[PDB]
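> everything below, folded, please.
(chains A and B)
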Amino acid sequence: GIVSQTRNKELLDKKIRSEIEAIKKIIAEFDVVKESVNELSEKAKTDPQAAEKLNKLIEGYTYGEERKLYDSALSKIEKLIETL
Amino acid sequence: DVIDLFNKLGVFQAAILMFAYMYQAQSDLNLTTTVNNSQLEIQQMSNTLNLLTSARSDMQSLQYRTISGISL
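Numbering: from 1, shown residues only, chains lettered A, B, ... in the order given. Please see the structure below:
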């Protein structure tokens, strides 16, 4: 019925809007990740345990898992824009 | 920034912002037809949510794996 349909469209819309804010928030929290990563650098200056961590991270974000996760999310968003 | 987060996040944020306004635009805009078109919108909106939540999960794993890596 018309009413059920409207209720469902409202649900979806709200659900979608939440997913948008959640993502926008996750993106913001990444500045903490930024700060943390720079701190890891400073510690890498003197500590080689830190240096090894950093390099692992760098490789991860360039051709590793992090980069793939990243490309995955980005392409899904591009797919969404696509269908619009 | 050591791991070029600036560009990664900037491009990602741009994708989201573009999607957000475009969705917002659709969102705010014979009886049989009407009932069918809405059923179709509900189908699309549903997939959107799925693809959108998948993206969200990925960005979370990203965060988790990054932070995990910075601490061990």
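
> which element is the residue lying closest to residue B:3 once chain neighbours are set aside on?
In space, and not counting its chain neighbours, residue B:3 is closest to residue A:61: 4.7 Å by C-beta to C-beta, 6 or more residues apart in numbering or on different chains. Heads up, the C-betas are built off the backbone N, CA and C, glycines and all. Using DSSP states H and E, residue A:61 sits within helix A:48-63.

> hmm, whichever strand or helix holds residue A:70 touching chain B?
Taking DSSP H and E as the criterion, residue A:70 maps to helix A:65-82. Yes - interface with chain B: helix A:65-82 contributes A:65-66, A:69-70, A:72-74, A:76-81 (C-beta under 8 Å from any C-beta of the partner chain).

> so which bits of stretch B:45-57 are buried?
Within stretch B:45-57, the residues scored as buried using 16 or more other C-beta atoms under 10 Å in any protein chain shown are B:45, B:48-49, B:51-53, B:55-56.

> and the residue nearest to residue B:3, how many residues sit next to it?
The burial count assigned to residue A:61 is 24, neighbours taken as other C-beta atoms under 10 Å in any protein chain shown.

> show the contacting residues for it.
The contact partners of residue A:61, taken as C-beta atoms under 8 Å, 6 or more residues apart in numbering or on different chains, are A:67, A:70, B:3-4, B:8.
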